[PDB]
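*Asks:* Below you'll find model04.pdb; it's PDB, C-alpha atoms.
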```
MODEL        1
ATOM      1  CA  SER A 436       3.802   4.722  -8.250  1.00  0.00           C
ATOM      2  CA  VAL A 437       4.219   4.403  -4.480  1.00  0.00           C
ATOM      3  CA  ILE A 438       6.781   6.756  -2.936  1.00  0.00           C
ATOM      4  CA  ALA A 439       6.344   9.586  -5.455  1.00  0.00           C
ATOM      5  CA  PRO A 440       2.520   9.624  -5.091  1.00  0.00           C
ATOM      6  CA  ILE A 441       3.081   9.738  -1.322  1.00  0.00           C
ATOM      7  CA  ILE A 442       5.479  12.664  -1.771  1.00  0.00           C
ATOM      8  CA  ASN A 443       3.055  14.584  -3.983  1.00  0.00           C
ATOM      9  CA  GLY A 444       0.149  13.846  -1.644  1.00  0.00           C
ATOM     10  CA  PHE A 445       2.183  15.185   1.265  1.00  0.00           C
ATOM     11  CA  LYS A 446       3.047  18.243  -0.853  1.00  0.00           C
ATOM     12  CA  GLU A 447      -0.648  18.895  -1.469  1.00  0.00           C
ATOM     13  CA  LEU A 448      -1.565  18.178   2.166  1.00  0.00           C
ATOM     14  CA  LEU A 449       1.020  20.780   3.156  1.00  0.00           C
ATOM     15  CA  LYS A 450      -0.288  23.038   0.377  1.00  0.00           C
ATOM     16  CA  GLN A 451      -3.771  23.153   1.979  1.00  0.00           C
ATOM     17  CA  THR A 452      -3.608  22.099   5.646  1.00  0.00           C
ATOM     18  CA  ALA A 453      -1.294  23.739   8.170  1.00  0.00           C
ATOM     19  CA  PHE A 454       1.456  21.471   9.480  1.00  0.00           C
ATOM     20  CA  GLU A 455       1.143  22.641  13.100  1.00  0.00           C
ATOM     21  CA  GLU A 456      -2.601  21.899  12.986  1.00  0.00           C
ATOM     22  CA  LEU A 457      -1.945  18.432  11.532  1.00  0.00           C
ATOM     23  CA  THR A 458      -2.354  15.518  13.939  1.00  0.00           C
ATOM     24  CA  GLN A 459      -2.026  11.747  13.620  1.00  0.00           C
ATOM     25  CA  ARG A 460      -5.466  11.563  11.989  1.00  0.00           C
ATOM     26  CA  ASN A 461      -4.380  13.859   9.145  1.00  0.00           C
ATOM     27  CA  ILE A 462      -1.131  11.907   8.757  1.00  0.00           C
ATOM     28  CA  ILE A 463      -3.102   8.674   8.344  1.00  0.00           C
ATOM     29  CA  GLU A 464      -5.562  10.377   6.004  1.00  0.00           C
ATOM     30  CA  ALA A 465      -2.757  11.732   3.814  1.00  0.00           C
ATOM     31  CA  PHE A 466      -0.997   8.361   3.669  1.00  0.00           C
ATOM     32  CA  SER A 467      -4.249   6.578   2.788  1.00  0.00           C
ATOM     33  CA  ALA A 468      -5.110   9.185   0.138  1.00  0.00           C
ATOM     34  CA  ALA A 469      -1.670   8.795  -1.443  1.00  0.00           C
ATOM     35  CA  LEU A 470      -2.425   5.045  -1.760  1.00  0.00           C
ATOM     36  CA  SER A 471      -5.741   5.167  -3.651  1.00  0.00           C
ATOM     37  CA  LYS A 472      -6.847   3.064  -6.630  1.00  0.00           C
ATOM     38  CA  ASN A 473      -4.797   5.198  -9.034  1.00  0.00           C
ATOM     39  CA  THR A 474      -1.441   4.087  -7.620  1.00  0.00           C
ATOM     40  CA  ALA A 475      -2.409   0.409  -7.411  1.00  0.00           C
ATOM     41  CA  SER A 476      -3.755   0.459 -10.968  1.00  0.00           C
ATOM     42  CA  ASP A 477      -0.654   2.255 -12.256  1.00  0.00           C
ATOM     43  CA  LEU A 478       1.718  -0.203 -10.567  1.00  0.00           C
ATOM     44  CA  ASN A 479      -0.124  -3.373 -11.608  1.00  0.00           C
ATOM     45  CA  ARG A 480      -0.721  -2.158 -15.167  1.00  0.00           C
ATOM     46  CA  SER A 481       2.941  -1.156 -15.524  1.00  0.00           C
ATOM     47  CA  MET A 482       4.268  -4.458 -14.150  1.00  0.00           C
ATOM     48  CA  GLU A 483       1.993  -6.588 -16.331  1.00  0.00           C
ATOM     49  CA  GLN A 484       2.638  -4.424 -19.390  1.00  0.00           C
ATOM     50  CA  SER A 485       6.353  -4.946 -18.714  1.00  0.00           C
ATOM     51  CA  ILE A 486       6.052  -8.734 -18.405  1.00  0.00           C
ATOM     52  CA  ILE A 487       3.905  -9.075 -21.528  1.00  0.00           C
ATOM     53  CA  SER A 488       5.913  -6.597 -23.639  1.00  0.00           C
ATOM     54  CA  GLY A 489       9.152  -8.281 -22.530  1.00  0.00           C
TER
ATOM     55  CA  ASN B  64      13.426   3.367   4.307  1.00  0.00           C
ATOM     56  CA  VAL B  65      12.272   6.723   2.962  1.00  0.00           C
ATOM     57  CA  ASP B  66      13.772   9.731   4.738  1.00  0.00           C
ATOM     58  CA  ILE B  67      13.228  12.992   2.869  1.00  0.00           C
ATOM     59  CA  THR B  68      12.693  16.641   3.842  1.00  0.00           C
ATOM     60  CA  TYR B  69      10.203  18.988   2.185  1.00  0.00           C
ATOM     61  CA  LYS B  70       9.853  22.730   2.696  1.00  0.00           C
ATOM     62  CA  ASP B  71       6.331  23.714   3.739  1.00  0.00           C
ATOM     63  CA  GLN B  72       4.590  26.648   2.060  1.00  0.00           C
ATOM     64  CA  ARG B  73       1.649  27.367   4.377  1.00  0.00           C
ATOM     65  CA  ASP B  74       1.486  31.082   5.199  1.00  0.00           C
ATOM     66  CA  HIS B  75      -1.816  31.662   7.011  1.00  0.00           C
ATOM     67  CA  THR B  76      -1.092  31.838  10.753  1.00  0.00           C
ATOM     68  CA  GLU B  77       1.834  33.263  12.712  1.00  0.00           C
ATOM     69  CA  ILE B  78       2.612  29.734  13.893  1.00  0.00           C
ATOM     70  CA  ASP B  79       2.734  28.717  10.225  1.00  0.00           C
ATOM     71  CA  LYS B  80       5.470  31.358   9.809  1.00  0.00           C
ATOM     72  CA  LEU B  81       7.600  29.824  12.602  1.00  0.00           C
ATOM     73  CA  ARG B  82       8.182  26.659  10.539  1.00  0.00           C
ATOM     74  CA  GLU B  83      10.808  25.756   7.932  1.00  0.00           C
ATOM     75  CA  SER B  84      10.269  22.284   6.446  1.00  0.00           C
ATOM     76  CA  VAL B  85       8.927  18.775   7.057  1.00  0.00           C
ATOM     77  CA  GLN B  86      11.308  15.847   7.539  1.00  0.00           C
ATOM     78  CA  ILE B  87       9.397  12.792   6.326  1.00  0.00           C
ATOM     79  CA  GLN B  88      10.370   9.332   7.606  1.00  0.00           C
ATOM     80  CA  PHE B  89       8.544   5.995   7.438  1.00  0.00           C
ATOM     81  CA  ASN B  90       9.193   2.262   7.135  1.00  0.00           C
ATOM     82  CA  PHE B  91       7.259  -0.979   6.588  1.00  0.00           C
ATOM     83  CA  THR B  92       7.142  -3.751   9.176  1.00  0.00           C
ATOM     84  CA  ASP B  93       5.310  -6.974   8.295  1.00  0.00           C
ATOM     85  CA  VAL B  94       4.963  -8.608   4.882  1.00  0.00           C
ATOM     86  CA  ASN B  95       2.789 -11.608   4.055  1.00  0.00           C
ATOM     87  CA  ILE B  96       1.426 -13.173   0.878  1.00  0.00           C
ATOM     88  CA  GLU B  97      -1.626 -15.448   0.914  1.00  0.00           C
ATOM     89  CA  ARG B  98      -3.107 -17.780  -1.674  1.00  0.00           C
ATOM     90  CA  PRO B  99      -5.196 -16.367  -4.548  1.00  0.00           C
ATOM     91  CA  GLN B 100      -8.762 -15.566  -3.573  1.00  0.00           C
ATOM     92  CA  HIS B 101     -12.129 -14.752  -5.134  1.00  0.00           C
ATOM     93  CA  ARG B 102     -15.034 -12.463  -4.247  1.00  0.00           C
ATOM     94  CA  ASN B 103     -18.036 -14.604  -5.393  1.00  0.00           C
ATOM     95  CA  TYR B 104     -20.299 -11.485  -5.309  1.00  0.00           C
ATOM     96  CA  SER B 105     -22.278 -11.944  -2.115  1.00  0.00           C
ATOM     97  CA  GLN B 106     -20.727  -9.225   0.116  1.00  0.00           C
ATOM     98  CA  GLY B 107     -19.020 -11.745   2.386  1.00  0.00           C
ATOM     99  CA  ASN B 108     -15.404 -12.829   2.848  1.00  0.00           C
ATOM    100  CA  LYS B 109     -13.009 -13.933   0.095  1.00  0.00           C
ATOM    101  CA  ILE B 110     -13.111 -17.517  -1.199  1.00  0.00           C
ATOM    102  CA  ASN B 111     -10.385 -19.645  -2.767  1.00  0.00           C
ATOM    103  CA  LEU B 112      -9.654 -18.932  -6.437  1.00  0.00           C
ATOM    104  CA  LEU B 113      -8.778 -22.062  -8.418  1.00  0.00           C
ATOM    105  CA  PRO B 114      -6.580 -21.885 -11.552  1.00  0.00           C
ATOM    106  CA  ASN B 115      -9.272 -23.173 -13.911  1.00  0.00           C
ATOM    107  CA  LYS B 116     -11.662 -20.462 -12.697  1.00  0.00           C
ATOM    108  CA  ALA B 117      -9.037 -17.829 -13.537  1.00  0.00           C
ATOM    109  CA  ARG B 118      -8.513 -19.432 -16.947  1.00  0.00           C
ATOM    110  CA  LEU B 119     -12.210 -19.483 -17.834  1.00  0.00           C
ATOM    111  CA  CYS B 120     -13.204 -16.121 -16.337  1.00  0.00           C
ATOM    112  CA  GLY B 121     -10.197 -14.150 -17.569  1.00  0.00           C
ATOM    113  CA  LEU B 122      -9.032 -13.387 -14.030  1.00  0.00           C
ATOM    114  CA  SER B 123      -5.498 -13.213 -12.615  1.00  0.00           C
ATOM    115  CA  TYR B 124      -4.103 -15.878 -10.285  1.00  0.00           C
ATOM    116  CA  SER B 125      -2.769 -13.197  -7.951  1.00  0.00           C
ATOM    117  CA  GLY B 126      -2.424 -13.632  -4.206  1.00  0.00           C
ATOM    118  CA  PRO B 127      -2.975 -10.795  -1.742  1.00  0.00           C
ATOM    119  CA  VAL B 128       0.044  -9.098  -0.178  1.00  0.00           C
ATOM    120  CA  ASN B 129      -0.456  -7.768   3.353  1.00  0.00           C
ATOM    121  CA  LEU B 130       1.734  -5.009   4.789  1.00  0.00           C
ATOM    122  CA  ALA B 131       2.228  -3.023   7.976  1.00  0.00           C
ATOM    123  CA  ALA B 132       3.877   0.375   8.323  1.00  0.00           C
ATOM    124  CA  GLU B 133       5.254   2.883  10.820  1.00  0.00           C
ATOM    125  CA  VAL B 134       5.154   6.649  10.271  1.00  0.00           C
ATOM    126  CA  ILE B 135       7.537   8.903  12.221  1.00  0.00           C
ATOM    127  CA  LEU B 136       7.589  12.513  11.012  1.00  0.00           C
ATOM    128  CA  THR B 137       9.739  15.421  12.190  1.00  0.00           C
ATOM    129  CA  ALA B 138       8.831  19.112  12.394  1.00  0.00           C
ATOM    130  CA  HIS B 139      11.506  21.774  11.898  1.00  0.00           C
ATOM    131  CA  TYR B 140      11.044  25.357  13.075  1.00  0.00           C
ATOM    132  CA  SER B 141      12.871  28.578  12.213  1.00  0.00           C
ATOM    133  CA  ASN B 142      15.083  28.617  15.310  1.00  0.00           C
ATOM    134  CA  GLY B 143      16.332  25.029  15.224  1.00  0.00           C
ATOM    135  CA  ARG B 144      13.962  23.010  17.412  1.00  0.00           C
ATOM    136  CA  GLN B 145      12.383  19.731  16.311  1.00  0.00           C
ATOM    137  CA  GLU B 146       9.024  18.021  16.852  1.00  0.00           C
ATOM    138  CA  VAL B 147       8.601  14.287  16.225  1.00  0.00           C
ATOM    139  CA  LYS B 148       5.250  12.498  15.876  1.00  0.00           C
ATOM    140  CA  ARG B 149       4.712   8.748  15.546  1.00  0.00           C
ATOM    141  CA  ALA B 150       2.013   6.605  13.953  1.00  0.00           C
ATOM    142  CA  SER B 151       1.370   2.862  14.073  1.00  0.00           C
ATOM    143  CA  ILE B 152      -0.620   1.224  11.272  1.00  0.00           C
ATOM    144  CA  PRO B 153      -2.233  -2.233  11.597  1.00  0.00           C
ATOM    145  CA  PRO B 154      -1.898  -4.838   8.818  1.00  0.00           C
ATOM    146  CA  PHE B 155      -3.085  -3.548   5.456  1.00  0.00           C
ATOM    147  CA  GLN B 156      -3.389  -5.163   2.011  1.00  0.00           C
ATOM    148  CA  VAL B 157      -1.109  -3.287  -0.394  1.00  0.00           C
ATOM    149  CA  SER B 158      -1.827  -5.240  -3.586  1.00  0.00           C
ATOM    150  CA  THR B 159      -1.859  -8.650  -5.252  1.00  0.00           C
ATOM    151  CA  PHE B 160       1.236 -10.501  -6.459  1.00  0.00           C
ATOM    152  CA  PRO B 161       1.087 -13.032  -9.317  1.00  0.00           C
ATOM    153  CA  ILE B 162       1.457 -16.617  -8.132  1.00  0.00           C
ATOM    154  CA  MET B 163       3.281 -19.397  -9.978  1.00  0.00           C
ATOM    155  CA  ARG B 164       1.430 -22.646 -10.620  1.00  0.00           C
ATOM    156  CA  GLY B 165       2.831 -25.614  -8.735  1.00  0.00           C
ATOM    157  CA  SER B 166       4.426 -23.310  -6.159  1.00  0.00           C
ATOM    158  CA  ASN B 167       4.000 -23.275  -2.384  1.00  0.00           C
ATOM    159  CA  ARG B 168       1.368 -20.502  -2.447  1.00  0.00           C
ATOM    160  CA  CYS B 169      -0.701 -22.274  -5.134  1.00  0.00           C
ATOM    161  CA  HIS B 170      -3.850 -24.236  -4.365  1.00  0.00           C
ATOM    162  CA  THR B 171      -2.491 -27.208  -6.344  1.00  0.00           C
ATOM    163  CA  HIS B 172       0.213 -27.942  -3.774  1.00  0.00           C
ATOM    164  CA  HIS B 173      -1.644 -29.909  -1.075  1.00  0.00           C
ATOM    165  CA  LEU B 174      -3.769 -31.637  -3.745  1.00  0.00           C
ATOM    166  CA  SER B 175      -2.812 -35.087  -4.967  1.00  0.00           C
ATOM    167  CA  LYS B 176      -3.145 -36.468  -8.488  1.00  0.00           C
ATOM    168  CA  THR B 177      -6.744 -37.599  -7.975  1.00  0.00           C
ATOM    169  CA  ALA B 178      -7.696 -34.253  -6.424  1.00  0.00           C
ATOM    170  CA  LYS B 179      -5.986 -32.271  -9.203  1.00  0.00           C
ATOM    171  CA  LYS B 180      -7.808 -34.422 -11.759  1.00  0.00           C
ATOM    172  CA  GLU B 181     -11.096 -33.901  -9.911  1.00  0.00           C
ATOM    173  CA  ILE B 182     -10.899 -30.097  -9.709  1.00  0.00           C
ATOM    174  CA  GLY B 183     -10.190 -29.602 -13.417  1.00  0.00           C
ATOM    175  CA  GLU B 184      -6.396 -29.558 -13.674  1.00  0.00           C
ATOM    176  CA  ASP B 185      -3.867 -31.448 -15.776  1.00  0.00           C
ATOM    177  CA  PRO B 186      -2.688 -34.084 -13.262  1.00  0.00           C
ATOM    178  CA  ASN B 187       0.581 -34.653 -15.137  1.00  0.00           C
TER
ENDMDL
END
```
Translate the structure of the given file into structure tokens.
*Replies:*
Amino acid sequence: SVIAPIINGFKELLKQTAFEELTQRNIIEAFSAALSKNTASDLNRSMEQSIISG
Amino acid sequence: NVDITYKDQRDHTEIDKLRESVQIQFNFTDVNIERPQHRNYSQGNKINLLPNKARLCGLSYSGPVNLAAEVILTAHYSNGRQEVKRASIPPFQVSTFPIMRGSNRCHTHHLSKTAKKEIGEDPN
């Protein structure tokens, strides 16, 4: 729930926005989009579910 | 240290046809963990979160983890030439890490027996 969401977000950024037109702003925007509440919730829920399930 | 290469599939401009794939590279620089904190619902900063408050409210005694990162990406063309861009990110809170009671990052570490007894903890 961190590197794979980043990979898929980069895939979708490449799947809509041209790479040559991308600048540092779009790089930051893609990285920040790949780190939204979904990834944090998935990681925390999975870790706590692991500790409490054993 | 992620270093992976992904083929790009953007076919709109002639420049977009002169490209082959994206070589993705990035790493993380600074890591810090601070003591558990609370919001208090007043749109201010974050206040200390004591263990008894987490017990009574059903919260988690998790301390914030702060990270930095560096992004350096590489652009591959059809012919064999490369373009490298760099990005510096300031400190950024990744998540919260659970904190063990009685540990160095716990609030009940500077407190003495009288203070622990006063704030609602088992002093023994």
*Asks:* Would you list the residues near (1.5, 16.5, -4.3), meaning any protein, DNA or RNA residue with an atom at most 12 Å from that point in file coordinates, counting all atoms listed in the file, as JSON, numbers by chain?
*Replies:* {"A": [438, 439, 440, 441, 442, 443, 444, 445, 446, 447, 448, 449, 450, 451, 465, 466, 468, 469], "B": [69, 71]}
*Asks:* Can you build me a table of chain B residues sitting at most 12 Å from chain A, with the closest atom pair per residue and its distance in Å to one decimal, using all atoms listed in the file, sorted by chain and residue number, as a Markdown table?
*Replies:*
```
| residue | atom | partner | partner_atom | distance |
| --- | --- | --- | --- | --- |
| B:64 | CA | A:438 | CA | 10.4 |
| B:65 | CA | A:438 | CA | 8.1 |
| B:66 | CA | A:438 | CA | 10.8 |
| B:67 | CA | A:442 | CA | 9.0 |
| B:68 | CA | A:442 | CA | 10.0 |
| B:69 | CA | A:446 | CA | 7.8 |
| B:70 | CA | A:446 | CA | 8.9 |
| B:71 | CA | A:449 | CA | 6.1 |
| B:72 | CA | A:450 | CA | 6.3 |
| B:73 | CA | A:453 | CA | 6.0 |
| B:74 | CA | A:453 | CA | 8.4 |
| B:75 | CA | A:453 | CA | 8.0 |
| B:76 | CA | A:453 | CA | 8.5 |
| B:77 | CA | A:455 | CA | 10.7 |
| B:78 | CA | A:455 | CA | 7.3 |
| B:79 | CA | A:453 | CA | 6.7 |
| B:80 | CA | A:455 | CA | 10.3 |
| B:81 | CA | A:455 | CA | 9.7 |
| B:82 | CA | A:455 | CA | 8.5 |
| B:83 | CA | A:454 | CA | 10.4 |
| B:84 | CA | A:454 | CA | 9.4 |
| B:85 | CA | A:454 | CA | 8.3 |
| B:86 | CA | A:445 | CA | 11.1 |
| B:87 | CA | A:442 | CA | 9.0 |
| B:88 | CA | A:442 | CA | 11.1 |
| B:89 | CA | A:466 | CA | 10.5 |
| B:90 | CA | A:438 | CA | 11.3 |
| B:123 | CA | A:483 | CA | 10.7 |
| B:125 | CA | A:479 | CA | 10.8 |
| B:132 | CA | A:466 | CA | 10.4 |
| B:133 | CA | A:463 | CA | 10.5 |
| B:134 | CA | A:462 | CA | 8.3 |
| B:135 | CA | A:462 | CA | 9.8 |
| B:136 | CA | A:462 | CA | 9.0 |
| B:137 | CA | A:454 | CA | 10.6 |
| B:138 | CA | A:454 | CA | 8.3 |
| B:139 | CA | A:454 | CA | 10.3 |
| B:140 | CA | A:455 | CA | 10.3 |
| B:146 | CA | A:455 | CA | 9.9 |
| B:147 | CA | A:459 | CA | 11.2 |
| B:148 | CA | A:459 | CA | 7.7 |
| B:149 | CA | A:459 | CA | 7.6 |
| B:150 | CA | A:459 | CA | 6.5 |
| B:151 | CA | A:463 | CA | 9.3 |
| B:152 | CA | A:463 | CA | 8.4 |
| B:153 | CA | A:463 | CA | 11.4 |
| B:155 | CA | A:467 | CA | 10.5 |
| B:156 | CA | A:470 | CA | 10.9 |
| B:157 | CA | A:475 | CA | 8.0 |
| B:158 | CA | A:475 | CA | 6.8 |
| B:159 | CA | A:479 | CA | 8.4 |
| B:160 | CA | A:479 | CA | 8.9 |
| B:161 | CA | A:483 | CA | 9.6 |
```
*Asks:* Keeping C-alpha atoms for every residue in the selection just given, could you write it to a file as an mmCIF file, in the frame of the given file?
*Replies:*
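Listed below is the output, result_19.cif:
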```cif
data_model
loop_
_atom_site.group_PDB
_atom_site.id
_atom_site.type_symbol
_atom_site.label_atom_id
_atom_site.label_comp_id
_atom_site.auth_asym_id
_atom_site.auth_seq_id
_atom_site.Cartn_x
_atom_site.Cartn_y
_atom_site.Cartn_z
ATOM 1 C CA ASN B 64 13.426 3.367 4.307
ATOM 2 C CA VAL B 65 12.272 6.723 2.962
ATOM 3 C CA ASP B 66 13.772 9.731 4.738
ATOM 4 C CA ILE B 67 13.228 12.992 2.869
ATOM 5 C CA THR B 68 12.693 16.641 3.842
ATOM 6 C CA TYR B 69 10.203 18.988 2.185
ATOM 7 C CA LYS B 70 9.853 22.730 2.696
ATOM 8 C CA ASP B 71 6.331 23.714 3.739
ATOM 9 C CA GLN B 72 4.590 26.648 2.060
ATOM 10 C CA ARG B 73 1.649 27.367 4.377
ATOM 11 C CA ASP B 74 1.486 31.082 5.199
ATOM 12 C CA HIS B 75 -1.816 31.662 7.011
ATOM 13 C CA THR B 76 -1.092 31.838 10.753
ATOM 14 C CA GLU B 77 1.834 33.263 12.712
ATOM 15 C CA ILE B 78 2.612 29.734 13.893
ATOM 16 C CA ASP B 79 2.734 28.717 10.225
ATOM 17 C CA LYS B 80 5.470 31.358 9.809
ATOM 18 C CA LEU B 81 7.600 29.824 12.602
ATOM 19 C CA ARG B 82 8.182 26.659 10.539
ATOM 20 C CA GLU B 83 10.808 25.756 7.932
ATOM 21 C CA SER B 84 10.269 22.284 6.446
ATOM 22 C CA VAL B 85 8.927 18.775 7.057
ATOM 23 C CA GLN B 86 11.308 15.847 7.539
ATOM 24 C CA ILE B 87 9.397 12.792 6.326
ATOM 25 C CA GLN B 88 10.370 9.332 7.606
ATOM 26 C CA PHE B 89 8.544 5.995 7.438
ATOM 27 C CA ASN B 90 9.193 2.262 7.135
ATOM 28 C CA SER B 123 -5.498 -13.213 -12.615
ATOM 29 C CA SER B 125 -2.769 -13.197 -7.951
ATOM 30 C CA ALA B 132 3.877 0.375 8.323
ATOM 31 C CA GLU B 133 5.254 2.883 10.820
ATOM 32 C CA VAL B 134 5.154 6.649 10.271
ATOM 33 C CA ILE B 135 7.537 8.903 12.221
ATOM 34 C CA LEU B 136 7.589 12.513 11.012
ATOM 35 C CA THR B 137 9.739 15.421 12.190
ATOM 36 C CA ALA B 138 8.831 19.112 12.394
ATOM 37 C CA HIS B 139 11.506 21.774 11.898
ATOM 38 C CA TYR B 140 11.044 25.357 13.075
ATOM 39 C CA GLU B 146 9.024 18.021 16.852
ATOM 40 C CA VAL B 147 8.601 14.287 16.225
ATOM 41 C CA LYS B 148 5.250 12.498 15.876
ATOM 42 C CA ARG B 149 4.712 8.748 15.546
ATOM 43 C CA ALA B 150 2.013 6.605 13.953
ATOM 44 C CA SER B 151 1.370 2.862 14.073
ATOM 45 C CA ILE B 152 -0.620 1.224 11.272
ATOM 46 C CA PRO B 153 -2.233 -2.233 11.597
ATOM 47 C CA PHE B 155 -3.085 -3.548 5.456
ATOM 48 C CA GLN B 156 -3.389 -5.163 2.011
ATOM 49 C CA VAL B 157 -1.109 -3.287 -0.394
ATOM 50 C CA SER B 158 -1.827 -5.240 -3.586
ATOM 51 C CA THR B 159 -1.859 -8.650 -5.252
ATOM 52 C CA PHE B 160 1.236 -10.501 -6.459
ATOM 53 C CA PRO B 161 1.087 -13.032 -9.317
#
```
*Asks:* Just say which residues the PyMOL selection byres ((chain B and resi 101) around 9) picks in this file, as an mmCIF file with C-alpha atoms, in the coordinates of the input.
*Replies:*
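That gives us out11.cif:
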```cif
data_model
loop_
_atom_site.group_PDB
_atom_site.id
_atom_site.type_symbol
_atom_site.label_atom_id
_atom_site.label_comp_id
_atom_site.auth_asym_id
_atom_site.auth_seq_id
_atom_site.Cartn_x
_atom_site.Cartn_y
_atom_site.Cartn_z
ATOM 1 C CA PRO B 99 -5.196 -16.367 -4.548
ATOM 2 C CA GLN B 100 -8.762 -15.566 -3.573
ATOM 3 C CA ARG B 102 -15.034 -12.463 -4.247
ATOM 4 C CA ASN B 103 -18.036 -14.604 -5.393
ATOM 5 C CA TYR B 104 -20.299 -11.485 -5.309
ATOM 6 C CA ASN B 108 -15.404 -12.829 2.848
ATOM 7 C CA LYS B 109 -13.009 -13.933 0.095
ATOM 8 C CA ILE B 110 -13.111 -17.517 -1.199
ATOM 9 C CA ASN B 111 -10.385 -19.645 -2.767
ATOM 10 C CA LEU B 112 -9.654 -18.932 -6.437
ATOM 11 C CA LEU B 113 -8.778 -22.062 -8.418
#
```
*Asks:* Residues within 12 Å of residue 175 in chain B, please, as a PyMOL selection string. Count all atoms listed in the file; anything in the same chain fewer than 4 positions from it doesn't count.
*Replies:* chain B and resi 165+170-171+179-182+184-187
*Asks:* Those residues with C-alpha atoms, as a compact mmCIF listing (two decimals), in the coordinates of the input please?
*Replies:*
```
# COMPACT_ATOMS: atom_id res chain seq x y z
CA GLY B 165 2.83 -25.61 -8.74
CA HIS B 170 -3.85 -24.24 -4.36
CA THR B 171 -2.49 -27.21 -6.34
CA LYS B 179 -5.99 -32.27 -9.20
CA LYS B 180 -7.81 -34.42 -11.76
CA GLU B 181 -11.10 -33.90 -9.91
CA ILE B 182 -10.90 -30.10 -9.71
CA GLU B 184 -6.40 -29.56 -13.67
CA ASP B 185 -3.87 -31.45 -15.78
CA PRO B 186 -2.69 -34.08 -13.26
CA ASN B 187 0.58 -34.65 -15.14
```
*Asks:* Applying the PyMOL selection byres ((chain B and resi 94-98) around 6) to the file I just gave you, which residues come out? Please list them as a list in words.
*Replies:* residues 93, 99, 126, 127, 128, 129, 130 and 168 of chain B
*Asks:* Keeping C-alpha atoms, export the residues of the selection given above as an mmCIF file, in the coordinates of the input.
*Replies:*
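Printed below is selection12.cif as written:
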```
data_model
loop_
_atom_site.group_PDB
_atom_site.id
_atom_site.type_symbol
_atom_site.label_atom_id
_atom_site.label_comp_id
_atom_site.auth_asym_id
_atom_site.auth_seq_id
_atom_site.Cartn_x
_atom_site.Cartn_y
_atom_site.Cartn_z
ATOM 1 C CA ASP B 93 5.310 -6.974 8.295
ATOM 2 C CA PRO B 99 -5.196 -16.367 -4.548
ATOM 3 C CA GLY B 126 -2.424 -13.632 -4.206
ATOM 4 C CA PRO B 127 -2.975 -10.795 -1.742
ATOM 5 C CA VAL B 128 0.044 -9.098 -0.178
ATOM 6 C CA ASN B 129 -0.456 -7.768 3.353
ATOM 7 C CA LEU B 130 1.734 -5.009 4.789
ATOM 8 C CA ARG B 168 1.368 -20.502 -2.447
#
```
*Asks:* Distance CA of residue 163 in chain B-CA of residue 482 in chain A, one decimal place?
*Replies:*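 Between CA of residue 163 in chain B and CA of residue 482 in chain A the gap works out to 15.5 Å.
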*Asks:* Which value, in Å to one decimal, gives the distance between CA of residue 480 in chain A and CA of residue 118 in chain B?
*Replies:* 19.0 Å
*Asks:* Find, counting all atoms listed in the file, the residue in B:143, B:114, B:154, B:121 that gets nearest to residue 183 in chain B.
*Replies:* B:114
*Asks:* Counting all atoms listed in the file, which residue out of B:115, B:131, B:173, B:141 sits closest to residue 92 in chain B?
*Replies:* B:131
*Asks:* CA of residue 471 in chain A and CA of residue 436 in chain A are how many Å apart?
*Replies:*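 The value is 10.6 Å.
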